[PDB]
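Here's a solo chain for you in structure tokens, the form deposited without this ligand.
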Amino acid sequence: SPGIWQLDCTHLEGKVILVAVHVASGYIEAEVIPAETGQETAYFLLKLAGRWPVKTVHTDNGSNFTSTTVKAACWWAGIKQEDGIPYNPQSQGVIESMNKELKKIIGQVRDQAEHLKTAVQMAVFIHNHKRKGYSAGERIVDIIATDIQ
């Protein structure tokens, strides 16, 4: 549970937003990329895994599941690469809802940033700090700390 992440790819302004969600907490990391490639996904995973203890990643689609560069990054970082098939059907809708929520935040900050990448990081900030009462940022830290102890 504490090491499980899900990849998610959404689109805005003719650009691609790559998202990793910590399943147990709802905490996210995200980046804007020109297009979703194996190489971009692999690089994003290397960054993620140096920052949080990533044990398992549910990939967002079959191309990233298949990508040799993604497989190389998962091997390098000690990550079990799995599919992201929603065997639990509620999973699709939950990801859908997050994407809409993220796009909504982006719209609310879009004025304060010249570049989309900046607005996305602002949206990450707002999402992770939002009290729902703990925040996603508080939850991920508590979950991982409990796992260590």
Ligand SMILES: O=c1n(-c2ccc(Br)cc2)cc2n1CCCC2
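The numbering used is simple: start at 1 and walk along the sequence shown.
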Q. How much of the deposited sequence is absent from the coordinates between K132 and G133: none, 1 to 3, 4 to 9, or 10 or more residues?
A. 4 to 9
**Q.** Given 12-20 and 121-129, the range whose Cα B-factors average higher in the PDB entry
**A.** 12-20
Q: Take the C-alpha B-factors listed in the entry for 91-99 and for 28-36, compute each mean, and give the stretch with the larger one.
A: 91-99
Q.
Sorting by Cα B-factor within the chain, modelled residues only, which third would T59 end up in: lowest, middle or highest?
A. middle
Q. With respect to C-alpha B-factor, does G50 fall in the lowest, middle or highest third of the chain as deposited?
A. lowest
Q | Chain-relative CA temperature factor third for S67 | A | middle
Q: Place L116 in the lowest, middle or highest third of its chain's C-alpha B-factors, as listed in the PDB entry.
A: middle
Q) Looking at the C-alpha B-factor of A42, is it in the lowest, middle or highest third of its chain? A) lowest
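Keep in mind that the form solved in complex with this ligand is missing from the display, and what follows is about it.
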Q: Please check if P86 has a heavy atom lying within 4.5 Å of any heavy atom of this ligand in the entry with it bound.
A: no
Q: Evaluate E82 for contact with this ligand in the entry with it bound, applying a 4.5 angstroms cut-off between non-hydrogen atoms, and reply yes or no.
A: no
**Q.** Heavy atom within 4.5 Å of this ligand in the entry with it bound - qualifying residues of 110-127
**A.** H127
